[PDB]
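Only one chain comes next, encoded as structure tokens, the form deposited without its partner chain.
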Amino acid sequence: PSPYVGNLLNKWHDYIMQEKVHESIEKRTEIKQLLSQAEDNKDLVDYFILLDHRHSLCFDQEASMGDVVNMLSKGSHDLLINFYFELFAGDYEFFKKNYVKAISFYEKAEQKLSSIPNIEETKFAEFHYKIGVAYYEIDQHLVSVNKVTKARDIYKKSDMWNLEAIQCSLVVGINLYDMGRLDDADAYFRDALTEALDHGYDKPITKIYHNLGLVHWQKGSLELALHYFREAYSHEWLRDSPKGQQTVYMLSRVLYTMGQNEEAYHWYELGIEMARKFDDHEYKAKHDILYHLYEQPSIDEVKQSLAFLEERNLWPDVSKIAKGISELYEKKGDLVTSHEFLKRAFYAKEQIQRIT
């Protein structure tokens, strides 16, 4: 249910406000088509109606059907419309990677939740989660754990929202890992895994196994980390989704670190070939560094690809890759360029606090 239609409905709201018949008929016709699918978002349809009705009051031929200066129901329509405008603007800003603006809009919409009459317990969890995830994108991990736990506690009660609870504990686990509290993250991931198995869910499982792989990778038990990355690739057909690119990369990277090189190059091959398929320039850079480090060394070529990743922000990945390089160039006895990369790995850490 793409968050474009939300922005479309928001634009339409702006067009009714500027009293512009012709582009208002345009926006409502694009929108009217898109939501004709079988079952796509209660909140969209409601916002459509609430805009269509106020569209009429400004554009349809009232001259025989009264004078709607400002009726009693405007107060309550205003409240819903302002709320829907802010919920969907939040969703769209989150879509554009503009997380600070997204939180701003969500928090305004969260406020209006009290004045709406029959608000359900779950519309509060929705905002708890959306805010909590947006905070996770900007490395505010403690508040993220705080808000999505609040959502999880609601989703635990009712037994219809069991897929959401799994996603919530998945998000707490990721926060706990990004911090470094690895055994707590492990626990959350394992609790999501068994809850996902008891039910028929398959969607989250893949992410769960990949995170478990990351936990034990950072834990240093690479044998067990490798196991989980394999299981992530096994479960769900990811080879032609864009989102399964990361598992192929991790598989290659661990096998190169354990000195497995033979298999590691085969996952490199598959990952280069996927970087073709989706034209993902970043995963091409990341697999480039693997190749020009373990296959055909070239310190200058690694800097080239590293430079590209630094131009893309992506500073967690830069920090950890550059640290890896410096650690490696130390067992190879070269202090001079190991220091060069540690300086780059350190600068990357400082780039994570800024979050511009």
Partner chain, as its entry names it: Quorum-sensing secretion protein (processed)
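Numbering follows the first chain given and starts at 1. Superpose the two forms; the largest set of C-alphas matching within 1.5 Å is the rigid core.
One more form of this protein exists, namely the form deposited with its partner chain bound; it is left out here, but the text below deals with it.
Novice: Among 264-272, 191-199, 220-228, 204-212, which stretch sits within 4.5 Å of its partner chain in the entry with it bound, heavy atoms only?
Specialist: Among the listed stretches, the partner-contacting one is 204-212.
Novice: Could you work out which of 310, 317, 301, 26 is the residue within 4.5 angstroms of its partner chain in the entry with it bound, going by heavy atoms?
Specialist: Among 310, 317, 301, 26, a heavy atom within 4.5 Å of its partner chain in the entry with it bound occurs only for 317.
Novice: Identify which of 129, 233, 256, 105 has a heavy atom within 4.5 Å of its partner chain in the entry with it bound; exactly one of them does.
Specialist: Looking at 129, 233, 256, 105 one by one, just 129 meets the 4.5 Å heavy-atom criterion.
Novice: Look at the candidate spot formed by 91, 148 and 162 and say whether its partner chain comes within 4.5 Å of a heavy atom in all three of them in the entry with it bound.
Specialist: No, the candidate spot makes no contact with its partner chain.
Novice: Is residue 216 close enough to its partner chain in the entry with it bound to count, meaning some heavy atom within 4.5 Å?
Specialist: Answer no; every heavy atom of residue 216 is more than 4.5 Å from its partner chain in the entry with it bound.
Novice: Does its partner chain get within 4.5 angstroms of any non-hydrogen atom of residue 187 in the entry with it bound?
Specialist: Judged by the heavy-atom cut-off of 4.5 Å, residue 187 is well away from its partner chain in the entry with it bound.
Novice: Is residue 85 a contact residue for its partner chain in the entry with it bound, using a 4.5 Å heavy atom cut-off?
Specialist: Contact with its partner chain, no.
Novice: Considering only heavy atoms, tell me if residue 280 and its partner chain come within 4.5 Å of each other in the entry with it bound.
Specialist: No.
Novice: Considering only 181, 239, 156, 141, single out the residue whose C-alpha is displaced by at least 2 Å between the shown form and the other one after superposing the rigid core.
Specialist: Single residue meeting the criterion: 239.
Novice: After a core superposition, would you say residue 68 shifts its C-alpha by at least 2 Å between the shown form and the other one?
Specialist: Residue 68 C-alpha, core-superposed: shift of 2 Å or more.
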